[PDB]
Amino acid sequence: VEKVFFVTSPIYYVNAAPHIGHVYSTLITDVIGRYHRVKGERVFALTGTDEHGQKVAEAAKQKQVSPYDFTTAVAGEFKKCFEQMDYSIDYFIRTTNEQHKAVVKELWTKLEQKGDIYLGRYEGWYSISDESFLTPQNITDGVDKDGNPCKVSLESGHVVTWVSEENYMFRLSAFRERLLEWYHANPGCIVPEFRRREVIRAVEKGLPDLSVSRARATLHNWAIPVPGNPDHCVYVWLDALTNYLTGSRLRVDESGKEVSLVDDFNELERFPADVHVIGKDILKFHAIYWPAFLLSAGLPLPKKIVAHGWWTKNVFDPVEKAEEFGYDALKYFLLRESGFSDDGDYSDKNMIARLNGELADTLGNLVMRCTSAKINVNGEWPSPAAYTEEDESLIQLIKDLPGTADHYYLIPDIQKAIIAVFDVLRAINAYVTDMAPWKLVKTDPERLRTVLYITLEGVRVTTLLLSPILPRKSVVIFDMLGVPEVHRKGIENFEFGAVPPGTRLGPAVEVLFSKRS
Ligand code: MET
């Protein structure tokens, strides 16, 4: 099925300002989207804001503004932050959007017509901050903001309260077997693998039914009303998860405003998501509830959910650090430092070590070497003479790299993709050191042509595969190398030899990444 590659971030609660968590999740979404564009595919990358619910209305109340003004202001802050971070997200969705509300109503009605929503009761614990129902085994003793004794969540440490309400209930318990079939038939559907095992164990234990409405007073009336029952409001998570469906059905103009909601998702060829990017805190909502809703509605299930090691929901301001160290460099660092865990060093010390060691010394040094007037005297891509075995060993690494990096990007595992590209960059550097092309200008011009050609081509291929990570710097490198625009994307240009000998380098001025103390 040739379709639009559909990648999403979570939609973030607007109770507080954009921080590194949100920026990280959206960065991952962006990188995946960029890689598929570089590959030549149609892409739709989605991000946005989750604006309804008790938690947002209470944050608005604290600031003494109306929820409408509060959500609009904070959404504006998220939008500004993502523009400054230089993402290439196709659409920014807000759950206050009238087209989103219509989709929530259609989905609700569909679930109700199937017999999967009934009127019942929830009596149990609830975390307002997580918008999450909890069994007594997921709570323990703790303290509130003040310090008085209370119950808290085992998941997040936030305060829990006992709720007793008549609620519309989704028959989640009826979907246990089908969810387990789905996990087993699609063993790459949740990444990384240990998070997939966690989900399976949880569903094997048994699933209760899920409350999907609340009484309107509890939510301070700041929510989507239930169709045909205005005393109730739709659970912020059914509302929130539905953004992915809404997003898949919006025609978007050249400036990013939604202009139209289509009736059938197949018309735009996005649904279901190829990758849902999430933090580990919302795994259950995405890997249990969401597919159960989709199964109930007869809608297709997402292909992959990737859950990263950070939380989604001592200051670290990403825009400040990016102004200090560079935007591409910060993005590189966030993606290189952590895989699917928290155990990872985010200090100025480590940022500088990676900036200096990998970006400046490995990549940047190598870009300057192969384009300098001292070594590349004609300022062009030379024609290679015959290859030695050592030449062939490096060429083989360069040729294998696109296949290797591609598999990593598709897992997705961006850290391993970066590591694989840099392994090849290190090998190119070792080769340049062995061949001493600076000596070869005088001693053996015929040999230098071969060495310089291989070096230029290794730099091109590595840079192409790093272009989703370093989108601006990749453009600078390609300009220095004189790579025509047509050769800067497309799977055809993953092949060794795509830029012919005779191609002129770009003009010189001059640093790519400047080292720090
Ligand atoms: C459908 S994704 C919703 C994510 C949620 N608003 C959060 O901040 O965790």
# chains A, B, ... in the order shown; residues from 1 in each chain; ligands from 1

call {"tool": "residues_near_ligand", "arguments": {"ligand": "ligand 1", "cutoff": "7 Å", "atoms": "only C-alpha atoms and all ligand atoms", "output": "list in words"}}
result
residues 10, 11, 12, 13, 50, 130, 237, 240, 241, 243, 282, 312 and 313 of chain A

call {"tool": "write_last_selection", "arguments": {"atoms": "N, CA and C atoms", "output": "short mmCIF file (atom, residue, chain, number, x, y, z; two decimals), in the first residue's frame"}}
result
data_model
loop_
_atom_site.label_atom_id
_atom_site.label_comp_id
_atom_site.auth_asym_id
_atom_site.auth_seq_id
_atom_site.Cartn_x
_atom_site.Cartn_y
_atom_site.Cartn_z
N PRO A 10 2.88 13.32 20.58
CA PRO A 10 1.73 13.51 21.43
C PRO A 10 1.27 14.95 21.31
N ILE A 11 0.02 15.20 21.67
CA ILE A 11 -0.47 16.57 21.83
C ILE A 11 -0.33 16.93 23.30
N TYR A 12 0.29 18.08 23.56
CA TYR A 12 0.79 18.39 24.90
C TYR A 12 -0.24 19.18 25.70
N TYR A 13 -0.33 18.89 27.00
CA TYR A 13 -1.24 19.63 27.87
C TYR A 13 -0.75 21.03 28.00
N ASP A 50 -3.30 19.65 23.69
CA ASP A 50 -4.41 19.00 24.38
C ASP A 50 -4.98 20.02 25.39
N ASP A 130 -2.31 13.41 35.59
CA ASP A 130 -2.11 12.45 34.51
C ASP A 130 -3.38 12.18 33.70
N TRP A 237 -8.91 11.97 27.42
CA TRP A 237 -8.07 11.03 26.66
C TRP A 237 -8.69 10.46 25.38
N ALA A 240 -8.41 13.39 23.34
CA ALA A 240 -7.00 13.63 22.98
C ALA A 240 -6.51 12.62 21.94
N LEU A 241 -6.77 11.33 22.15
CA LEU A 241 -6.29 10.31 21.23
C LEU A 241 -6.86 10.50 19.84
N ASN A 243 -7.19 13.12 18.18
CA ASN A 243 -6.48 14.11 17.37
C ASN A 243 -5.79 13.48 16.16
N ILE A 282 2.71 7.63 28.69
CA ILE A 282 1.39 7.50 28.06
C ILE A 282 1.24 6.27 27.21
N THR A 312 6.88 13.12 29.20
CA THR A 312 6.23 14.02 28.24
C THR A 312 5.66 15.27 28.95
N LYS A 313 5.09 15.10 30.15
CA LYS A 313 4.17 16.09 30.75
C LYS A 313 4.89 17.23 31.47
#

call {"tool": "select_by_dssp", "arguments": {"residues": "region 234-398 of chain A", "states": "strand (DSSP E)", "output": "ChimeraX atom specification"}}
result
/A:234,250-252,258-261,275-279,304-308

call {"tool": "write_last_selection", "arguments": {"atoms": "N, CA and C atoms", "output": "PDB file, in the first residue's frame"}}
result
ATOM      1  N   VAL A 234     -16.944  14.294  27.339  1.00  0.00           N
ATOM      2  CA  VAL A 234     -16.051  13.261  26.850  1.00  0.00           C
ATOM      3  C   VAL A 234     -14.717  13.345  27.611  1.00  0.00           C
ATOM      4  N   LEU A 250      -7.729  16.341   7.811  1.00  0.00           N
ATOM      5  CA  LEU A 250      -7.680  17.777   7.537  1.00  0.00           C
ATOM      6  C   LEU A 250      -6.851  18.113   6.289  1.00  0.00           C
ATOM      7  N   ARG A 251      -7.486  18.751   5.301  1.00  0.00           N
ATOM      8  CA  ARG A 251      -6.772  19.440   4.201  1.00  0.00           C
ATOM      9  C   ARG A 251      -6.193  20.738   4.741  1.00  0.00           C
ATOM     10  N   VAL A 252      -4.910  20.950   4.502  1.00  0.00           N
ATOM     11  CA  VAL A 252      -4.162  22.048   5.107  1.00  0.00           C
ATOM     12  C   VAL A 252      -3.599  22.921   3.984  1.00  0.00           C
ATOM     13  N   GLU A 258      -5.896  24.698   8.755  1.00  0.00           N
ATOM     14  CA  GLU A 258      -6.842  23.698   8.235  1.00  0.00           C
ATOM     15  C   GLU A 258      -7.949  24.418   7.463  1.00  0.00           C
ATOM     16  N   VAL A 259      -8.268  23.935   6.270  1.00  0.00           N
ATOM     17  CA  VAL A 259      -9.320  24.572   5.448  1.00  0.00           C
ATOM     18  C   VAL A 259     -10.561  23.692   5.266  1.00  0.00           C
ATOM     19  N   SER A 260     -10.477  22.417   5.640  1.00  0.00           N
ATOM     20  CA  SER A 260     -11.543  21.482   5.330  1.00  0.00           C
ATOM     21  C   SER A 260     -11.324  20.146   6.059  1.00  0.00           C
ATOM     22  N   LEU A 261     -12.415  19.560   6.542  1.00  0.00           N
ATOM     23  CA  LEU A 261     -12.410  18.235   7.128  1.00  0.00           C
ATOM     24  C   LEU A 261     -13.079  17.286   6.141  1.00  0.00           C
ATOM     25  N   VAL A 275       3.959   5.821  12.516  1.00  0.00           N
ATOM     26  CA  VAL A 275       4.650   5.942  13.795  1.00  0.00           C
ATOM     27  C   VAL A 275       3.920   6.931  14.702  1.00  0.00           C
ATOM     28  N   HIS A 276       3.499   6.470  15.880  1.00  0.00           N
ATOM     29  CA  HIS A 276       3.136   7.354  16.982  1.00  0.00           C
ATOM     30  C   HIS A 276       4.339   7.494  17.910  1.00  0.00           C
ATOM     31  N   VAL A 277       4.882   8.703  18.031  1.00  0.00           N
ATOM     32  CA  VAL A 277       5.975   8.980  18.976  1.00  0.00           C
ATOM     33  C   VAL A 277       5.336   9.404  20.293  1.00  0.00           C
ATOM     34  N   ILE A 278       5.734   8.760  21.392  1.00  0.00           N
ATOM     35  CA  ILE A 278       5.224   9.094  22.733  1.00  0.00           C
ATOM     36  C   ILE A 278       6.292   8.945  23.789  1.00  0.00           C
ATOM     37  N   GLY A 279       6.086   9.615  24.907  1.00  0.00           N
ATOM     38  CA  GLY A 279       6.836   9.334  26.115  1.00  0.00           C
ATOM     39  C   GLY A 279       6.288   8.088  26.783  1.00  0.00           C
ATOM     40  N   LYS A 304       3.299   1.343  14.246  1.00  0.00           N
ATOM     41  CA  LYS A 304       4.285   1.400  15.318  1.00  0.00           C
ATOM     42  C   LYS A 304       3.947   2.482  16.339  1.00  0.00           C
ATOM     43  N   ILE A 305       4.141   2.143  17.614  1.00  0.00           N
ATOM     44  CA  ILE A 305       4.174   3.105  18.708  1.00  0.00           C
ATOM     45  C   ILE A 305       5.594   3.061  19.254  1.00  0.00           C
ATOM     46  N   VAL A 306       6.288   4.191  19.239  1.00  0.00           N
ATOM     47  CA  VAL A 306       7.615   4.278  19.828  1.00  0.00           C
ATOM     48  C   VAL A 306       7.568   5.138  21.075  1.00  0.00           C
ATOM     49  N   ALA A 307       7.980   4.542  22.193  1.00  0.00           N
ATOM     50  CA  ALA A 307       7.907   5.158  23.504  1.00  0.00           C
ATOM     51  C   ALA A 307       9.316   5.417  23.998  1.00  0.00           C
ATOM     52  N   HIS A 308       9.670   6.687  24.128  1.00  0.00           N
ATOM     53  CA  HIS A 308      11.019   7.079  24.552  1.00  0.00           C
ATOM     54  C   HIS A 308      11.124   7.222  26.066  1.00  0.00           C
TER      55      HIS A 308
END

call {"tool": "select_by_dssp", "arguments": {"residues": "region 107-325 of chain A", "states": "helix (DSSP H, G or I)", "output": "number ranges by chain"}}
result
A: 107-113, 136-138, 172-185, 193-205, 236-241, 243-247, 265-267, 280-297, 318-325

call {"tool": "write_last_selection", "arguments": {"atoms": "C-alpha atoms", "output": "mmCIF file, in the first residue's frame"}}
result
data_model
loop_
_atom_site.group_PDB
_atom_site.id
_atom_site.type_symbol
_atom_site.label_atom_id
_atom_site.label_comp_id
_atom_site.auth_asym_id
_atom_site.auth_seq_id
_atom_site.Cartn_x
_atom_site.Cartn_y
_atom_site.Cartn_z
ATOM 1 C CA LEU A 107 -16.200 8.471 16.855
ATOM 2 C CA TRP A 108 -18.208 8.520 20.096
ATOM 3 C CA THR A 109 -21.425 7.831 18.183
ATOM 4 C CA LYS A 110 -19.771 5.012 16.250
ATOM 5 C CA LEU A 111 -18.600 3.306 19.472
ATOM 6 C CA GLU A 112 -22.077 3.744 20.947
ATOM 7 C CA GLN A 113 -23.816 2.227 17.860
ATOM 8 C CA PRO A 136 -5.558 0.703 44.467
ATOM 9 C CA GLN A 137 -2.299 -1.207 43.617
ATOM 10 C CA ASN A 138 -1.009 1.901 41.711
ATOM 11 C CA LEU A 172 -12.461 -2.308 27.190
ATOM 12 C CA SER A 173 -12.571 -5.763 28.863
ATOM 13 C CA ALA A 174 -14.157 -7.179 25.682
ATOM 14 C CA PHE A 175 -10.967 -6.277 23.686
ATOM 15 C CA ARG A 176 -8.334 -8.232 25.717
ATOM 16 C CA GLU A 177 -8.084 -11.218 23.328
ATOM 17 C CA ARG A 178 -8.065 -9.053 20.169
ATOM 18 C CA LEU A 179 -5.373 -6.750 21.623
ATOM 19 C CA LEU A 180 -3.220 -9.766 22.553
ATOM 20 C CA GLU A 181 -3.674 -11.163 18.981
ATOM 21 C CA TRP A 182 -2.594 -7.779 17.629
ATOM 22 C CA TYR A 183 0.599 -7.633 19.769
ATOM 23 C CA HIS A 184 1.583 -11.213 18.876
ATOM 24 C CA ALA A 185 0.864 -10.879 15.124
ATOM 25 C CA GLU A 193 10.853 -4.383 22.928
ATOM 26 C CA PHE A 194 10.808 -4.329 26.753
ATOM 27 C CA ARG A 195 7.975 -1.744 26.706
ATOM 28 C CA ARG A 196 6.111 -4.063 24.376
ATOM 29 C CA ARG A 197 6.568 -6.902 26.910
ATOM 30 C CA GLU A 198 5.221 -4.581 29.689
ATOM 31 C CA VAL A 199 2.058 -3.867 27.669
ATOM 32 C CA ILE A 200 1.477 -7.552 26.934
ATOM 33 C CA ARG A 201 1.887 -8.571 30.587
ATOM 34 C CA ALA A 202 -0.566 -5.821 31.655
ATOM 35 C CA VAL A 203 -3.213 -6.933 29.139
ATOM 36 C CA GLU A 204 -2.692 -10.632 30.048
ATOM 37 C CA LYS A 205 -3.558 -9.803 33.716
ATOM 38 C CA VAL A 236 -10.043 14.137 27.879
ATOM 39 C CA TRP A 237 -8.069 11.033 26.655
ATOM 40 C CA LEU A 238 -10.670 9.805 24.136
ATOM 41 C CA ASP A 239 -10.830 13.459 23.007
ATOM 42 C CA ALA A 240 -7.003 13.626 22.983
ATOM 43 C CA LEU A 241 -6.286 10.308 21.235
ATOM 44 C CA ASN A 243 -6.477 14.106 17.371
ATOM 45 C CA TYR A 244 -4.594 11.558 15.257
ATOM 46 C CA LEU A 245 -7.817 10.695 13.401
ATOM 47 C CA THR A 246 -8.795 14.371 13.041
ATOM 48 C CA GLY A 247 -5.312 15.266 11.759
ATOM 49 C CA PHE A 265 -9.929 9.214 6.001
ATOM 50 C CA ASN A 266 -8.934 7.150 2.900
ATOM 51 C CA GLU A 267 -9.288 10.311 0.775
ATOM 52 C CA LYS A 280 6.779 6.192 28.285
ATOM 53 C CA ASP A 281 4.227 7.829 30.638
ATOM 54 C CA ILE A 282 1.389 7.498 28.060
ATOM 55 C CA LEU A 283 2.099 4.041 26.731
ATOM 56 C CA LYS A 284 -1.089 2.447 28.067
ATOM 57 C CA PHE A 285 -3.300 5.110 26.547
ATOM 58 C CA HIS A 286 -1.685 4.552 23.092
ATOM 59 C CA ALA A 287 -1.048 0.764 23.193
ATOM 60 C CA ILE A 288 -4.250 -0.385 25.003
ATOM 61 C CA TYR A 289 -7.054 2.221 24.911
ATOM 62 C CA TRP A 290 -6.461 3.679 21.467
ATOM 63 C CA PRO A 291 -6.332 0.385 19.556
ATOM 64 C CA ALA A 292 -9.365 -0.861 21.509
ATOM 65 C CA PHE A 293 -11.318 2.245 20.361
ATOM 66 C CA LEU A 294 -10.129 1.685 16.785
ATOM 67 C CA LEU A 295 -11.091 -2.019 16.928
ATOM 68 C CA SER A 296 -14.543 -1.046 18.239
ATOM 69 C CA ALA A 297 -14.994 1.495 15.419
ATOM 70 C CA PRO A 318 16.185 24.208 24.732
ATOM 71 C CA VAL A 319 15.993 27.558 22.900
ATOM 72 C CA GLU A 320 18.603 29.076 25.258
ATOM 73 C CA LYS A 321 21.004 26.130 24.723
ATOM 74 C CA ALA A 322 20.392 26.260 20.936
ATOM 75 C CA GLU A 323 21.250 29.990 20.831
ATOM 76 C CA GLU A 324 24.400 29.135 22.868
ATOM 77 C CA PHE A 325 25.607 25.922 21.120
#

call {"tool": "atom_distance", "arguments": {"atom1": "CA of residue 361 (chain A)", "atom2": "CA of residue 376 (chain A)"}}
result
19.3 Å

call {"tool": "residues_around", "arguments": {"residues": "residue 427 (chain A)", "least_positions_apart": "4", "cutoff": "10 Å", "atoms": "only C-alpha atoms", "output": "list in words"}}
result
residues 362, 393, 394, 397, 398, 422, 423, 431, 432, 433 and 458 of chain A

call {"tool": "residues_around", "arguments": {"residues": "residue 256 (chain A)", "least_positions_apart": "4", "cutoff": "9 Å", "atoms": "only C-alpha atoms", "output": "ChimeraX atom specification"}}
result
/A:90-92,252

call {"tool": "residues_around", "arguments": {"residues": "residue 428 (chain A)", "least_positions_apart": "6", "cutoff": "12 Å", "atoms": "only C-alpha atoms", "output": "PyMOL selection string"}}
result
chain A and resi 362-363+365-367+369-370+390-398+421-422+434-435+451-462

call {"tool": "write_last_selection", "arguments": {"atoms": "N, CA, C and O atoms", "output": "compact mmCIF listing (two decimals), in the first residue's frame"}}
result
# COMPACT_ATOMS: atom_id res chain seq x y z
N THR A 362 35.30 15.17 14.04
CA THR A 362 35.06 14.05 13.16
C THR A 362 34.43 14.55 11.87
O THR A 362 35.02 14.38 10.81
N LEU A 363 33.26 15.19 11.95
CA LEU A 363 32.54 15.58 10.74
C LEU A 363 33.13 16.84 10.09
O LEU A 363 33.49 16.82 8.91
N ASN A 365 35.96 18.76 10.57
CA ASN A 365 37.36 18.64 10.14
C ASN A 365 37.46 17.94 8.78
O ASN A 365 38.18 18.38 7.88
N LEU A 366 36.72 16.85 8.65
CA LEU A 366 36.70 16.06 7.42
C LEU A 366 36.10 16.81 6.24
O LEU A 366 36.57 16.66 5.12
N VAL A 367 35.08 17.64 6.48
CA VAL A 367 34.49 18.46 5.42
C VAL A 367 35.50 19.50 4.92
O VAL A 367 35.62 19.71 3.72
N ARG A 369 38.91 19.35 5.22
CA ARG A 369 40.02 18.61 4.57
C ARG A 369 39.76 18.37 3.08
O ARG A 369 40.61 18.70 2.25
N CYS A 370 38.61 17.80 2.74
CA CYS A 370 38.35 17.40 1.36
C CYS A 370 37.94 18.56 0.45
O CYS A 370 37.91 18.40 -0.77
N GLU A 390 42.52 -1.38 0.29
CA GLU A 390 42.18 -0.46 1.35
C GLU A 390 41.10 0.54 0.91
O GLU A 390 40.17 0.80 1.66
N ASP A 391 41.22 1.07 -0.31
CA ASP A 391 40.16 1.88 -0.92
C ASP A 391 38.83 1.13 -0.94
O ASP A 391 37.82 1.66 -0.53
N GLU A 392 38.86 -0.11 -1.41
CA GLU A 392 37.66 -0.92 -1.50
C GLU A 392 37.03 -1.18 -0.13
O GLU A 392 35.81 -1.28 -0.03
N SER A 393 37.86 -1.32 0.92
CA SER A 393 37.33 -1.57 2.26
C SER A 393 36.49 -0.37 2.73
O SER A 393 35.44 -0.55 3.30
N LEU A 394 36.96 0.85 2.47
CA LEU A 394 36.20 2.04 2.83
C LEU A 394 34.95 2.20 1.96
O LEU A 394 33.88 2.51 2.46
N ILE A 395 35.11 1.99 0.65
CA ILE A 395 34.00 2.04 -0.30
C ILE A 395 32.88 1.09 0.12
O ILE A 395 31.71 1.45 0.06
N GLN A 396 33.23 -0.11 0.56
CA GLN A 396 32.25 -1.08 1.03
C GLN A 396 31.47 -0.57 2.25
O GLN A 396 30.26 -0.81 2.34
N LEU A 397 32.15 0.10 3.17
CA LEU A 397 31.47 0.69 4.32
C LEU A 397 30.46 1.75 3.86
O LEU A 397 29.34 1.81 4.38
N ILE A 398 30.87 2.58 2.90
CA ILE A 398 30.04 3.65 2.40
C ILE A 398 28.81 3.07 1.70
O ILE A 398 27.71 3.59 1.87
N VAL A 421 26.34 6.11 11.17
CA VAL A 421 26.91 7.09 10.25
C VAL A 421 28.28 7.54 10.76
O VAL A 421 29.22 7.62 9.98
N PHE A 422 28.37 7.84 12.05
CA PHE A 422 29.64 8.26 12.64
C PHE A 422 30.73 7.18 12.67
O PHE A 422 31.91 7.51 12.59
N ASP A 434 45.82 7.58 7.07
CA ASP A 434 46.70 6.61 6.40
C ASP A 434 47.21 7.11 5.05
O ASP A 434 48.37 6.87 4.72
N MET A 435 46.35 7.76 4.26
CA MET A 435 46.73 8.14 2.89
C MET A 435 47.48 9.46 2.79
O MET A 435 48.07 9.74 1.74
N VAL A 451 41.94 9.06 -3.72
CA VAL A 451 41.73 9.29 -2.29
C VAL A 451 40.70 10.40 -2.04
O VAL A 451 39.82 10.28 -1.18
N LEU A 452 40.84 11.48 -2.79
CA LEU A 452 39.97 12.64 -2.65
C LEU A 452 38.56 12.31 -3.10
O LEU A 452 37.60 12.66 -2.42
N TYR A 453 38.43 11.59 -4.21
CA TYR A 453 37.12 11.16 -4.68
C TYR A 453 36.35 10.33 -3.64
O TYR A 453 35.17 10.59 -3.38
N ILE A 454 37.03 9.33 -3.07
CA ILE A 454 36.44 8.46 -2.07
C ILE A 454 36.06 9.26 -0.83
O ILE A 454 34.99 9.03 -0.27
N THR A 455 36.91 10.20 -0.43
CA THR A 455 36.63 11.03 0.74
C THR A 455 35.39 11.91 0.51
O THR A 455 34.49 11.94 1.35
N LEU A 456 35.36 12.61 -0.62
CA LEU A 456 34.20 13.44 -0.99
C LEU A 456 32.91 12.64 -1.00
O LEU A 456 31.88 13.09 -0.50
N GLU A 457 32.98 11.45 -1.57
CA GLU A 457 31.79 10.63 -1.71
C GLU A 457 31.32 10.06 -0.36
O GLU A 457 30.11 9.95 -0.13
N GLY A 458 32.25 9.72 0.53
CA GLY A 458 31.91 9.29 1.87
C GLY A 458 31.27 10.41 2.66
O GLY A 458 30.31 10.19 3.40
N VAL A 459 31.79 11.62 2.51
CA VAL A 459 31.23 12.78 3.19
C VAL A 459 29.80 13.07 2.67
O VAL A 459 28.91 13.39 3.47
N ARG A 460 29.58 12.93 1.36
CA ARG A 460 28.26 13.14 0.78
C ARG A 460 27.22 12.16 1.31
O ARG A 460 26.14 12.57 1.74
N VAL A 461 27.55 10.87 1.26
CA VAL A 461 26.62 9.83 1.68
C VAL A 461 26.32 9.95 3.18
O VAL A 461 25.15 9.86 3.56
N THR A 462 27.35 10.16 4.00
CA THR A 462 27.14 10.32 5.44
C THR A 462 26.28 11.55 5.73
O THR A 462 25.37 11.50 6.56
